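Shown here is one chain on its own, the form deposited without ligand URA, set out as structure tokens.
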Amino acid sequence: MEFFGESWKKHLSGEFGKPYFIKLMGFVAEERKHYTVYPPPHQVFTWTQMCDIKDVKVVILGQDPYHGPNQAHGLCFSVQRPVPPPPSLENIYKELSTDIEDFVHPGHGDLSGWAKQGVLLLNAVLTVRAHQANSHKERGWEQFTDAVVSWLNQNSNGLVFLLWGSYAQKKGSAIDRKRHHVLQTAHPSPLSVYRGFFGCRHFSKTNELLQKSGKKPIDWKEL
């Protein structure tokens, strides 16, 4: 048992020996020596530990991990108990309350419940320097997360990609827009949420698409 889930490792391990990945891992190691980097090393790949890769139905793609202490744990927007949901997650919960009739605030911020249902909770960049949003961009993570999206694009059908923010949306070009369903809106951070996230109705729309394709919907209350 290790950092990568077995099915994810099987289909992404071809990246490990590539120069960009070696330089990426080297960069993160050096950063960890001189700064506080989030999430902890053992939690960078938590997004591979929640379901088999073939059972992914929905992809939520954000920018990068939470950059405050004890927040980021390898699932986009998620915080483990007893950590309070950050402003971004409270905004996600606010949208869910208007979008999903039966949804009420769960009283915690752990999104493992969604991930287990086949919702990939990915960020475009997978580490961050404390207190500095997007500080680890353009270092190799983009190419790696491109490999994640590209594998899913090729080996699946009728996926729902939810691309939240400019940086997540860079991956839109790698997705077959007829074969899969790309929904795009502003990042749920208070700095950007007012630019379309509120009222985007991504959660109900996702389930509409899934049910149309004959797939089981996500129970957004199941956390």
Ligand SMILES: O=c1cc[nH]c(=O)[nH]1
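Heads up: residue numbers just count along the shown sequence, starting at 1.
Another form exists, deposited with ligand URA bound; not displayed. Remarks below refer to it.
* Asked: Is there any non-hydrogen atom of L75 lying within 4.5 Å of ligand URA in the deposited bound form?
  -> Looking in the deposited bound form, residue contacts with ligand URA include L75, since a heavy atom lies within 4.5 Å.
* To do: With heavy atoms only and a cut-off of 4.5 Å, decide whether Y66 touches ligand URA in the deposited bound form.
  => Contact with ligand URA, yes.
* Asked: Does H187 make contact with ligand URA in the deposited bound form, using a 4.5 Å heavy atom cut-off?
  -> Looking in the deposited bound form, residue contacts with ligand URA include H187, since a heavy atom lies within 4.5 Å.
* Only one of 145-153, 76-84, 112-120, 95-103 gets a heavy atom within 4.5 Å of ligand URA in the deposited bound form; which is it? -> Only one stretch qualifies here: 76-84.
* Asked: Looking at ligand URA in the deposited bound form, which residues in 31-62 have at least one heavy atom within 4.5 Å of it?
  -> The stretch touches the partner through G62 alone.
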